[PDB]
Amino acid sequence: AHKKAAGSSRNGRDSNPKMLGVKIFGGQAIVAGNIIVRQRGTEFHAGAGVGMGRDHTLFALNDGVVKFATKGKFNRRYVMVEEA
Amino acid sequence: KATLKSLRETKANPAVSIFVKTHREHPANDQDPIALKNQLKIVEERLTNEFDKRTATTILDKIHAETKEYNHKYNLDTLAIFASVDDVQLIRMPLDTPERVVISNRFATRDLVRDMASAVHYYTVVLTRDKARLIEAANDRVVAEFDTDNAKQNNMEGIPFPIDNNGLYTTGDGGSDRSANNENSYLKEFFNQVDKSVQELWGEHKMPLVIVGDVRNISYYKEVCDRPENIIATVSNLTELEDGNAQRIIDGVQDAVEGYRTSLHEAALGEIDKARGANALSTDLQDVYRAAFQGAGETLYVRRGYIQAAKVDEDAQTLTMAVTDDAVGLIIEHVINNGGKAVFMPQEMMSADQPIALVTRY
RNA sequence: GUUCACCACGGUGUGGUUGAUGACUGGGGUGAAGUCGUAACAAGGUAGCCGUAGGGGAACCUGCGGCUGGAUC
RNA sequence: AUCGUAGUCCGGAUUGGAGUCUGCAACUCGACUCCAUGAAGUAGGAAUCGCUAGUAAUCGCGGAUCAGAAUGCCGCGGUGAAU
RNA sequence: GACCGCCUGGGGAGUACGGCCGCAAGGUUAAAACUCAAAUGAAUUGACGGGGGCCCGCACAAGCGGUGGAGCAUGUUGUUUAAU
RNA sequence: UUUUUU
RNA sequence: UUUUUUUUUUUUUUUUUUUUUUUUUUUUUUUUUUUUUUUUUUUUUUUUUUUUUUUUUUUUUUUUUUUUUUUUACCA
RNA sequence: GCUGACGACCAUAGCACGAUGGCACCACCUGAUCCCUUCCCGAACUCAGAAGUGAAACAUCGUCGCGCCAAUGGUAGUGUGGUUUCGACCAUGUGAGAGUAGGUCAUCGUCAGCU
RNA sequence: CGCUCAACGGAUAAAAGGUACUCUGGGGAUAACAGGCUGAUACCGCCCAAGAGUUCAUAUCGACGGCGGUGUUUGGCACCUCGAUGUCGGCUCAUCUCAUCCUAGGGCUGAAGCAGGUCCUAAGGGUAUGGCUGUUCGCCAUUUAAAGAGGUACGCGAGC
RNA sequence: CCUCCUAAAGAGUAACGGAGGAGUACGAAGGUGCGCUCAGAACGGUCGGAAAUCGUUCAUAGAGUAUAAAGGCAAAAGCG
RNA sequence: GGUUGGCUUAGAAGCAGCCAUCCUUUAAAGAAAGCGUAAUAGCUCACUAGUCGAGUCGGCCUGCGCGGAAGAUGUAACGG
């Protein structure tokens with residue numbers, strides 16, 4: 001092992017996947033209760049027709065069509081459920 | 001001013017150089033005070049004879065103010081005193097010189113010149129089946145040990161010293177069996193890696209190296225060395241290669257270092273012969289002095305204790321036989337001052353019939 | 001002349017005695033204002049000394065017997 | 001009479017200012033005077049000194065040296081113990 | 001007076017070596033080189049004793065007041081200076 | 001009871 | 001190498017819990033002494049191996065390196 | 001024409017600088033009895049009011065100083081098929097970012113009030 | 001409500017070792033030898049030229065760096081062989097390579113001569129015996145024109 | 001078990017790959033209503049300074065978020 | 001030709017190194033591009049004039065080539 005080089009650096013940990021991301025994309029039919037976005041924080045904000053859970057899950061409050069839009073003064077990404 | 005780089009530049013008048021043979025052990029050093037007294041006696045008498053009594057008295061009181069606290073139980077081989085009208089500098093030397101007094105413009109520094117010309121700076125590679133060490137050694141002292149806290153090992157592409165033999169066979173893994181009898185090959189490759197580190201370090205300094213170790217280890221290393229011409233000595237009777245300290249190792253290599261210095265002095269004879277054949281060697285004291293004073297001599301070869309008094313004048317460039325107390329000292333001073341080299345050859349290698357030679361530049 | 005006998009040289013072996021040397025080691029002596037202590041000389045601060053044994057860096061200590069070449073009594 | 005136990009109406013160093021003398025001359029480097037300031041110091045560790053009676057302790061007053069410059073030296077008396 | 005033993009400067013040394021004796025510890029017989037001008041005995045005069053006896057002094061004890069802590073005066077050391 | 005040295 | 005143990009005053013050793021640095025021996029100055037010991041009084045004295053890091057605050061918590069000890073480093 | 005409320009939109013809408021505005025409106029403003037305020041404070045919140053002023057704020061207007069937006073062309077990358085000296089290249093389909101020219105001192109809706 | 005059942009889907013409430021005295025079933029699914037792949041390391045070569053060489057980079061040597069060749073050291077991998085491919089050294093007997101040790105031909109030289117140093121060509125032959133140690137090697141003694149470097153299952157145990 | 005990367009712009013995705021955390025805390029640090037806005041810098045100011053508290057002016061957050069990291073956070077999810 | 005430019009250095013004279021690149025006779029001639037000397041010396045070069053007489057010089061890019069290029073049973077690195 002001639003040059004004293006190889007040695008202890010123990011990091012072989014990693015957490016399990018969380019399966020986040022957009023579940024229902026823009027223009028899709030949706031029924032009330034369907035989860036649209038699983039996220040950490042409000043990467044997307046609930047507009048009209050969609051609510052937010054305690055883990056920032058966005059879900060449909062009513063039936064319709066999912067719409068994504070950027071709006072407001074903060075240029076926030078919003079997801080809406082339009083009655084279409 | 002305790003150095004050769006200050007004694008040659010302090011050009012006083014009168015400049016008195018006194019040399020006393022001293023002894024390191026008791027009761028040999030019992031007669032060191034008497035020797036000092038006798039040398040100061042002749043110093044006083046000559047100073048009064050050649051100069052005025054007032055200038056002898058000031059110099060002698062200055063010498064006495066420095067020699068009154070001298071401890072003769074800590075004497076080296078020689079006690080040199082360099083006195084002036086204003087300053088006195090006494091130094092102890094491990095060189096042996098013949099007791100004498102030189103009164104001149106400059107301080108008699110040929111013994112310092114000889115001591116500095118005998119200087120050998122070298123590497124010590126200490127080998128073992130389990131490890132390698134590297135020491136830098138000047139003459140008889142260790143300069144450095146080449147451990148973890150060094151600058152010379154900071155940017156290294158090889159294994160830094162001290163190098164452990166962490167071979168797969170030494171730890172018992174790796175893919176080899178003892179019934180294969182690969183141990184000699186393993187030792188050879190380990191010593192090859194050791195030589196790689198040695199060459200990497202030597203490229204930045206380029207000094208000769210002494211190989212210390214078992215006879216078999218030295219053998220393997222010599223067969224594996226990438227620059228075996230730079231090896232000057234091999235010692236195989238040095239003890240405690242792994243635990244003993246660097247000073248102990250350097251103490252144990254001193255016999256081989258002295259043999260190396262002797263070999264260099266033997267080699268100087270061939271260059272003297274080449275100059276003699278090329279008609280560029282002067283051996284008469286007059287010719288040697290003239291060439292040295294006019295800066296024609298590049299190498300001087302003295303016979304290590306060839307003192308000679310003469311009448312020297314730097315107007316007609318003449319040197320008549322006896323005055324200057326050390327005409328050879330003046331020749332050495334001129335050769336060194338004009339950018340030459342001085343070599344103090346041993347008595348058994350330079351004949352007493354021709355005790356001085358000068359290889360000239362033309 | 002030959003042969004045998006005696007025998008000098010010389011040879012072989014194995015011892016004895018003794019000179020010079022020998023890594024290393026034991027003590028003795030000399031040499032400086034060295035280090036450690038203070039054992040003895042005063043009752044020397046535990047009287048000392050003799051034999052002997054054990055012990056201890058070192059003078060020494062301790063036991064057993066002996067002596068006075070022991071002061072104070 | 002007052003102060004009434006306080007770093008004070010204790011202590012008087014140090015510093016600022018203004019002067020008087022002596023002396024050719026007071027910056028280095030004099031002594032006094034005045035005003036202002038007001039420092040440490042609240043009884044002193046280990047240790048250690050003098051004293052047996054007009055003594056110790058305490059209080060002043062002189063002199064030599066000396067133009068000026070004693071808290072030192074040499075003397076004088078006052079009060080005056082303990083053991 | 002008879003016979004026997006022993007000494008011949010101090011160390012080295014009652015040691016070494018060799019014998020003999022001893023289980024051993026050791027004993028016994030017993031050198032040399034070298035080294036030093038002394039080493040010793042008895043007595044004398046002193047001095048000294050963590051020897052004895054007797055005695056004195058602010059020596060202690062019994063007391064009074066201090067010094068050692070502060071500031072200042074003065075002297076010394078050390079340091080510093082051209083010199084202190 | 002505990003006083004080493006020069 | 002690996003796993004543990006640690007690194008602090010002159011030395012050898014204590015801490016520590018995030019809110020601080022310790023005995024002892026020294027060393028320096030005193031004092032006793034004819035003078036030195038001994039002894040007695042005073043004192044001084046810590047980048048807490050280094051280096052990132054966390055904290056308002058770290059010698060202390062994390063991480064790295066570096067000395068130290070140990071204990072291991074085996075089968076052909 | 002202007003002002004205020006609520007919105008669309010979320011910098012070509014912003015910042016900076018300058019000018020205009022007090023008849024309505026708005027804002028400062030006056031006072032602190034009362035409602036209600038202050039871990040203290042009539043600062044803010046609140047109430048009761050019109051002596052003053054458009055100073056500040058605000059609104060509007062002006063500009064290119066900053067910001068912001070931003071082509072065209074080219075380049076990089078890239079799906080598929082092929083080749084390759086493994087850098088890439090060819091055919092086909094796509095095609096940035098940066099940068100440049102340039103643009104920008106917004107545009108609209110509902111209601112009320114003064115003119 | 002009671003688990004560092006933390007080997008965290010938790011075998012039992014309850015549990016360490018040794019075997020060179022060993023044994024069975026298997027594996028070239030997987031190590032030790034040798035082959036293969038690779039070439040980091042190694043060895044050899046070349047490029048640049050700071051410097052040393054008294055002057056003078058390039059007679060000789062070549063710092064800092066760069067680029068290759070070989071398979072050749074130390075390694076990496078686990079492809080072959082575990083219904084067996086015997087390990088080191090010696091002996092005997094070899095065979096090949098050339099990066100040449102001697103002998104042969106050369107250029108340069110800090111080549112006067114004698115001796116060398118480097119590099120080019122060259123593989124036809126030749127290329128010690130002993131002391132120590134199991135040694136290969138290595139050191140040492142004495143030689144020789146020289147005592148070459150390697151490959152061949154680190155050639156060769158159905159040859160010892 | 002959690003966070004980031006590897007992970008090739010949906011998800012998922014391995015290595016004895018590269019980096020860090022967890023095995024809790026809290027009856028308020030939960031609910032609601034109401035209210036508020038941070039860090040830093042400069043200037044002025046008693047002790048008081050580089051930095052305490054006070055006043056002013058800039059300041060989309062360069063702070064905070066019980067804790068690792070990521071993603072979020074002005075209707076603040078931050079602070080009373 | 002000033003002139004061995006100055007400095008430095010034993011010596012540094014165009015030519016170890018450091019600091020300028022000036023002037024003069026000029027058709028031209030560097031305070032010198034090399035060899036050389038211990039240093040000078042010496043031999044060349046740049047440059048100019050003459051002779052001859054027609055094309056010539058050196059960089060850049062691109063294609064294909066050359067050297068760099070040594071191995072082990074036998075050619076043995078187009079299968080022949």
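All values below come from the heavy atoms of this structure, side chains included, with hydrogens, waters and symmetry mates left out. Residue numbering restarts at 1 for every chain, and letters A, B, ... go by the order of the sequence lines.
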Ranges pairing with ranges for RNA chain J, where each run has three or more Watson-Crick or G-U pairs under 3.5 Å: J:1-5 with J:17-21, J:34-36 with J:78-80, J:40-44 with J:54-58
Can you tell me if the side-chain N/O atoms of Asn338(B) get under 4.0 Å from OP1 or OP2 in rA10(K)? no
For a quick check of understanding: with a heavy-atom distance under 4.0 Å over all strands, which category does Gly21(A) fall into, base, sugar-phosphate or nothing? nothing
Any strand is fair game: report the nucleotide pairing with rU62(C) by Watson-Crick or G-U wobble, both distances under 3.5 Å, or none. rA53(C)
Counting only side-chain N and O atoms of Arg227(B), is one of them less than 4.0 Å from OP1 or OP2 of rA63(I)? yes
Think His45(A) has a side-chain N or O under 4.0 angstrom from the OP1 or OP2 of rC73(J)? yes
Examine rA112(I): is either OP1 or OP2 under 4.0 Å from a nitrogen or oxygen in the side chain of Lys274(B)? Give yes or no. no
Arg76(A) side-chain N/O to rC73(J) phosphate OP1/OP2 under 4.0 Å: yes
Interatomic distance at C1', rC10(H) relative to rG67(H), whole Å: 16 Å
Contacted region of RNA chain H by chain A, from 5' end to 3' end of the hits, cut-off under 4.0 Å to heavy atoms, spans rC10(H) to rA11(H)
Counting only side-chain nitrogens and oxygens, does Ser179(B) get under 4.0 Å of the OP1 or OP2 atom of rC33(I)? no
When every nucleotide of nucleotides 67-76 of chain G is labelled 5' to 3' by its protein contacts under 4.0 Å (heavy atoms), B for base, S for sugar-phosphate only, - for none, what sequence of letters results? S-----BBBB
Looking at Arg261(B) and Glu258(B), does any basic side-chain N land under 4.0 Å from a carboxylate oxygen? yes
For the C1' atoms, the ones on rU30(C) and on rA37(E), what distance do you get once it is rounded to whole angstrom? 16 Å
If you measure from the P atom in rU60(I) to the same atom in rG45(I), how many Å do you get, rounded? 14 Å
Is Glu9(B) atom CD crowded by more than 12 heavy atoms from other residues, nucleotides or ligands, each under 6.0 Å away? yes
What is the nucleic acid contact for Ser236(B), judged by heavy atoms within less than 4.0 Å: base, sugar-phosphate only, or nothing? nothing
Is it the case that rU14(G) and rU15(G) stack, meaning their six-membered ring centres lie under 5.5 Å apart and the ring planes differ by under 30 degrees? yes
Categorize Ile218(B) for me: base, sugar-phosphate, or nothing, with a 4.0 angstrom heavy-atom threshold over every strand shown. nothing
